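What follows is a single structure, written as structure tokens, with notes after it.
Sequence lines set the chain letters: A, B, ... in the order given, protein chains first and strands last, and positions in each chain run from 1.
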Amino acid sequence: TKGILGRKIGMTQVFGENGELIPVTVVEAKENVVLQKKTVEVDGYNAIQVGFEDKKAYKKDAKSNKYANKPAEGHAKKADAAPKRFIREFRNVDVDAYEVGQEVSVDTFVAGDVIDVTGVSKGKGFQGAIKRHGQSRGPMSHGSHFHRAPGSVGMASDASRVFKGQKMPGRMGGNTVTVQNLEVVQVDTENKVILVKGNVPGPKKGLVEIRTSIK
Amino acid sequence: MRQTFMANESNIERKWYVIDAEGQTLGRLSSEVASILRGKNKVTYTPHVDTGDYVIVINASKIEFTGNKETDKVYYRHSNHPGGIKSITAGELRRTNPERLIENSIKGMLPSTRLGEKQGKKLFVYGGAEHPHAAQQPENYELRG
Amino acid sequence: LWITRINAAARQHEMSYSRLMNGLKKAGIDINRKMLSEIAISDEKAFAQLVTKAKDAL
Amino acid sequence: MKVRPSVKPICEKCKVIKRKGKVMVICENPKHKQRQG
Amino acid sequence: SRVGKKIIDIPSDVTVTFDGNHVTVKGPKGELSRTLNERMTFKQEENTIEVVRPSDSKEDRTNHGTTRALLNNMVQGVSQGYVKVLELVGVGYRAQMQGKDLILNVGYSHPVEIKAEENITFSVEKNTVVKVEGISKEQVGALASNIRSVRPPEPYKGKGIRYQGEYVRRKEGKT
RNA sequence: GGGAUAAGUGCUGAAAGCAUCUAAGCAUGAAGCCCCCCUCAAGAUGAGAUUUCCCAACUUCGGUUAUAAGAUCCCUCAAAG
RNA sequence: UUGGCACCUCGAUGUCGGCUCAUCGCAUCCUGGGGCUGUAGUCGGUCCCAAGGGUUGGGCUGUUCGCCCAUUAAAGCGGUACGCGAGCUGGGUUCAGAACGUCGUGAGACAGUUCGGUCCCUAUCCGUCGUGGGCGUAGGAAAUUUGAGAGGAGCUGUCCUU
RNA sequence: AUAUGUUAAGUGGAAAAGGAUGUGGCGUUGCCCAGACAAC
Ligand SMILES: [Mg+2]
Ligand SMILES: [Mg+2]
Ligand SMILES: [Mg+2]
Ligand SMILES: [Mg+2]
Ligand SMILES: [Mg+2]
Ligand SMILES: [Mg+2]
Ligand SMILES: [Mg+2]
Ligand SMILES: [Mg+2]
Ligand SMILES: [Mg+2]
Ligand SMILES: [Mg+2]
Ligand SMILES: [Mg+2]
Ligand SMILES: [Mg+2]
Ligand SMILES: [Mg+2]
Ligand SMILES: [Mg+2]
Ligand SMILES: [Mg+2]
Ligand SMILES: [Mg+2]
Ligand SMILES: [Mg+2]
Ligand SMILES: [Mg+2]
């Protein structure tokens, strides 16, 4: 249960009870609406889908993404709503709540809940073997000509090939990753933020998916 | 090179049969079916075109084995990764995805050519007595045992 | 190729290939495999008639 | 349990049986348990 | 089959009902059933069941001995029932009832609860002696073996759950 | 955490009037097997599913023309490269 | 392993140890589950199932190997051109110099010591790591998805109660 | 395909000394319904 969407803002700290200091990531989770209810009869699995951040309406000569287009307009009208930027699905929730067109408010979480956060990583570009994997580097003196290369890549002539999954260089990059068993420490209703204890993947103004813990 | 009939397109007729698989052993069913799909019961058989016709197998969860080869007779598989050998037993495939049990036995009895791949797509296998293909009007076919 | 077609045409009359050309020899017929394959494609009614002359010669 | 390629009776109370393709002996004291292999 | 040829099998007020393969048996404390065997032929002279083997093979010889054995257990347990008795040996080993279930205390750091099942009654004599009563012989044999496996007997002193007539081989290991 | 198993422990039980964990039957049992957790994944040529948007004449329809929804060229950029 | 044979390689299959990077087997070092014990307990011995993961830092030697100091749950045995030099060192050794001992009439030698002594190559194909264009998927587009299959992860101690 | 039989181990479709109430066939010879051969 209890899914919501938001974007990263930054990172601060909060003094807990009895003077304990805890690092805090602040997530703004604003104007989330329920946009389509999916059914095991029509689709084969029960889920809801949620749109996060609204954008401007249809225009004739749009040249970018901040104006919705005609397929997105009709989809976001069948539920009476404004067109959104991010749309995800949550299939952990109970589908018998959540009438279509509701606003999932930020205070569906209470301080003390354990949650899981999902986002995409930062992204580093083309990176070598000792950065991308945790490899040891060669000696830096005593005549060596081997500093940051990878080592050997196989055997001799039995297996006259390189096996796959060999950890060569390439794009380090940002891919999806979840962190588990975090906590909600303080929920602000007026500013519509959530404070979570720890740190979440992604750059600033990213996109995070918060849902309750599976364990 | 006097005179010998050679089949052709605009020349051949394909029809639809239905086999039921209950009470039949796996290999002795499969050897019969693979000669239907190649067309070796037509009098106009020619080796370089696709004569032969469509087969539907409908029960496929009541296939029998003899001996102890439902706990033995494992099926292996490799993923082209180091140490990626994987396996499943024959009794396991019967209770879970039994359609792939039969169609792997039959496609192993077909040649590995370009035509042999195209002939193997004329097989349709279902667990339990229903099939969608009532529009094509198939017939019953009893196995010449 | 000729034998494969004769074997298909004989099994529509409940005969093997083997017992067809056994009994066809004892009847005294000396027709080819090539000619016997063409009769079964062209004239099915004539092919069924020499099946019976092979079948009662056994 | 003594596993050895040569299973035999030791005293006069031990007896020879088969369980699932394997030759065993069963006796009253537990020092005589043998299975062939 | 000298035990299969002894196919008298004298009934009682228990009622025997054949149904082909599976056979239902009902009496004072009845309602038993078992899918027996396909080959074996069943007959009742007046009320006594009798079992005749056909074909005299090796497989027909053995199953003729077991099929008579299973029928005699199905009718005699409805008639009288089966009771297996076992005892506790050791200081502070207390067992007691929790209504339907059974609670043991055998020297662990926590008590052990045996959840009851159908057709079986537990009873405790003097916090040491536990009785298991029932109608089908394989069922009471299974549960009586399950609960002695909590703490089996011990060679050096003899402590643990023991059958009421079980002999225990004892060693004498002194410091 | 669930299911099936290994060595092993058993229940009932004949062949062989006994006994017997087995032959027919019923249980239990490892961090190992399959699920459970994370990630990629319909070029899965078997190419899947749901929601929404759009619909033309000439014509020798041989193809031509202009086009819809939607994209791109081009320019200002970075949370990405 | 030391060897026997002399079948490919003499119009070159070009190097011992160490470094970097791994992968497989199990005749199992630790952890897991059991039997027997001449197993009171705590500890142990021996056998069976089991290859998921894990399996140390230094001193002396070119050293493999080995000894020792301290730790650890443990400090396993082997295969892969005695794994890997178109990925690295170059201490060792089959090079030219020189010296000791010994042998030799002598030029020289030992296989016995010691000091010193040049490691080339812009990756075509297969292969691997990452990233794009084209077409197809019986109308064309935008967006959200199922998951056949595949990959990863899989360790362990000490203390307190009972 | 005909007819007769053996095998239950996927033996077939890679090996020995030894061990064994695994199952078929052929012989010689003991105790037999006076009651053996088991269990009581
Ligand atoms: Mg280093
Ligand atoms: Mg011995
Ligand atoms: Mg900025
Ligand atoms: Mg050699
Ligand atoms: Mg030579
Ligand atoms: Mg020679
Ligand atoms: Mg050359
Ligand atoms: Mg082993
Ligand atoms: Mg020093
Ligand atoms: Mg080497
Ligand atoms: Mg090399
Ligand atoms: Mg010199
Ligand atoms: Mg001299
Ligand atoms: Mg110098
Ligand atoms: Mg120097
Ligand atoms: Mg030197
Ligand atoms: Mg074999
Ligand atoms: Mg052998």
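Nucleotides G:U64 and G:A70 are separated by 23 Å at their P atoms, to the nearest Å.
Positionally, the nearest nucleotide of RNA chain G for A:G138 lies more toward the 5' end than for the other of A:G138 and A:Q49. Of the residues near RNA chain G, E:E154 and B:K86, the one whose nearest nucleotide (by heavy atom distance) lies more toward the 5' end is E:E154.
In this structure, the side chains of B:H131 and B:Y126 come closer than 4.5 Å at one or more pairs of heavy atoms. Taking the side chain as every heavy atom from C-beta outward, A:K84 and A:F52 never approach each other to under 4.5 Å.
Using a 4.0 Å heavy-atom criterion, one finds that A:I87 contacts the sugar-phosphate atoms exclusively.
For the strand neighbours F:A7 and F:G8, base stacking is present under the 5.5 Å centre-distance and 30-degree plane-angle rule. Both conditions hold for H:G19 and H:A20, whose six-membered rings have centres under 5.5 angstrom apart and planes under 30 degrees, so their bases stack.
Taken as a pair, G:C43 and G:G90 do not qualify under the rule of Watson-Crick (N1-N3 plus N6-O4 or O6-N4) or G-U wobble (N1-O2 and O6-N3), both under 3.5 Å.
Stem list for RNA chain H (at least 3 consecutive Watson-Crick or G-U pairs, distances under 3.5 Å) is empty.
Judged by distance alone with a 3.5 Å cut-off, no donor-acceptor contact links the side chain of D:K8 to the base of H:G19.
Distance OH (A:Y67) to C1' (G:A143): 21 Å, rounded to an integer number of Å.
Base pairing of G:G132: no nucleotide in any strand meets the Watson-Crick or G-U wobble criterion (both distances under 3.5 Å).
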